[PDB]
Structures are given as C-alpha cells and as structure tokens.
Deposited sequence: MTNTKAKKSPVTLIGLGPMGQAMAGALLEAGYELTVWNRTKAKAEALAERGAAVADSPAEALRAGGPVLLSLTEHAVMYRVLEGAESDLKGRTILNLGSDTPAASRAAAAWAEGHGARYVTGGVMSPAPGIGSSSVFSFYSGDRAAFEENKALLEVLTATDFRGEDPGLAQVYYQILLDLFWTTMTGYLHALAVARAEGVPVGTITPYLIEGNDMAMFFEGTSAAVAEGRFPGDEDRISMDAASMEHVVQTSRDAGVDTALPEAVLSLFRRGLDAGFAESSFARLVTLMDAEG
C-alpha cells in the first residue's frame, strides 16, 4: 500500500496500516519512503489524505504511472471536485473511489467509527479489508461524488453545533458559571427533536401545534440580548436569529420551525 499526505489523518492512517502488517510506501514534500510521487509504482492501492483535491493535481507530473492503478481518495472536498478528480484519474487509466472519513485522527484504529465510500465498486471491494483497518466502511454507490455529499452534510451539522457549543461556553464564563458545572447540562435529547423535525420536513405541512415561529423568534431574541448584556460576541446567535426573522418576513409566523427549511432549499 502507498500513501500520500502526512497531516494528522495520514500519520494515523499510516500507523494503523503498519500495525496491521501492510508493506507501506509514503511520499511527502517535508523531510519529517519514496523519492518521488515512484510511490505510485510501489504496487499497492494509492491512498490520498490531502487538504484538498487541487493538491492532487499539483503533487502528481507522474500521470503516465496512473495507468492500471487504483486511487482511494480519503480527503474531503466538494462533490463537484470529487467528480472531477475521479474523471481525471479515470482519464489516465486509474480506478477511483472516494472516502469520507467520519473520525478524527485519534479515532482511526477504533471500532466505533465509520467512513462513507463511493465510486468504483470493484476497486472498493478489492480494498475493503484494507479500508476496514482504518474504520468500518459504508459504500453508498458508484457516483464518486456521493460519499462526499454524505460527508459534507454531516460536517455541516457538526461544525454548526460545535461553534454553538463554544458560544454557549462563552456565555457561561461571562456570567460566572464555571465550565465544569455547565458542561454536563450542555451534554445532557436531540434525537427526539431531530426525528420530529425530519418527519415534518418530509411531510410538506408545518402545523404550529407544538411550536410556532413567532414564539421561536422571540426565544432567540432573548438569547441574543442575553449575550449582548454579558458582553459576549453576538455574530453567531444573530445569524441564527436572522433565519427566524426571514421566516417572519415570509409570513411563517404561525407555522412550525421546520418550515424554515424552505428558506434554505434550492430552487
């Protein structure tokens, strides 16, 4: 097996592969082992863990050596970029599969994490056992963009939740509530709210029994004013309130919160 890209994810992936008995070949620009991107010729599938797909085009003028190779791109980027990368690779005679690794670096050895895969079905199966060294696998289809669609959707919720968490902690600190005291309350049931919200969105109808945008908007005003009074930055909660206001402007006052999705949807 060969691996290019030695950020934290790549180092962790390399270590798991070594510990599992694979004959690993790596190339990196830094000193920190193949002499050139040579690495493609080592014979294994080629794992990429780069910051973006644009890096793949730079790092690789070895395009002739792609013929007959299998590229497993485990770095994240847009679905469009992933589809373009696949087409480029296949144009030089390689097979291509996209991975969306749903774990931080320290989780890479573990049993509790998974990764999405999509692209070349045969190439995925040939390397499934190798990929299971890193995380459990979940192949979604032959469209090389699809694993990235899933990945980016989940990361969207993730980062929005985490920045909200930080803001909540900033309010706690500003109001004299210790981080150790508030943390268990922040941690402890979103599953229930998610399920009901998904159901309502699936339906098409957003009845205002259970919650109403006019009251939700007032609730969010109090959050923002509480942050202001405490002297904490209010950009994030204002952006959240901004969606509610848009709902009100659209005439949604008596509808449930879920109807706001129609303000975010594509045409």
item	value
Missing segments of the deposited chain sequence, listed N- to C-terminal	1-10, 43-53, 59, 83, 212-213, 293
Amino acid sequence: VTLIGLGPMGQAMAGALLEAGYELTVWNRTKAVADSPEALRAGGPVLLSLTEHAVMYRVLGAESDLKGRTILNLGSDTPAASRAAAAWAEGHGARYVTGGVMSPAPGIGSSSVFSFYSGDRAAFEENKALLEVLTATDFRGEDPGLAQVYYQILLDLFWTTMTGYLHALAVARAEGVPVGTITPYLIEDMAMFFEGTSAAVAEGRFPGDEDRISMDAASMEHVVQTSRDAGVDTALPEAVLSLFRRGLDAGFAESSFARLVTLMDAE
From here on, numbers count along this sequence of modelled residues.
{"query": "Selected stretch [higher average CA B-factor]: 223-231 or 64-72", "finding": "64-72"}
{"query": "Mean C-alpha temperature factor, higher of 233-241 and 196-204", "finding": "196-204"}
{"query": "Highest-ranked of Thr98, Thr78, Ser112, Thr163 once sorted by CA temperature factor in the record", "finding": "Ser112"}
{"query": "Cα B factor band for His167 (lowest, middle or highest third within the chain)", "finding": "lowest"}
{"query": "Within-chain third of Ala32 by Cα B-factor, per the entry", "finding": "highest"}
{"query": "Among modelled residues of the same chain, the CA temperature factor third for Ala42", "finding": "highest"}
{"query": "Entry-reported Cα temperature factor of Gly21, expressed as the chain third it lands in", "finding": "highest"}
{"query": "B-factor third for the C-alpha atom of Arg173 within its chain", "finding": "lowest"}
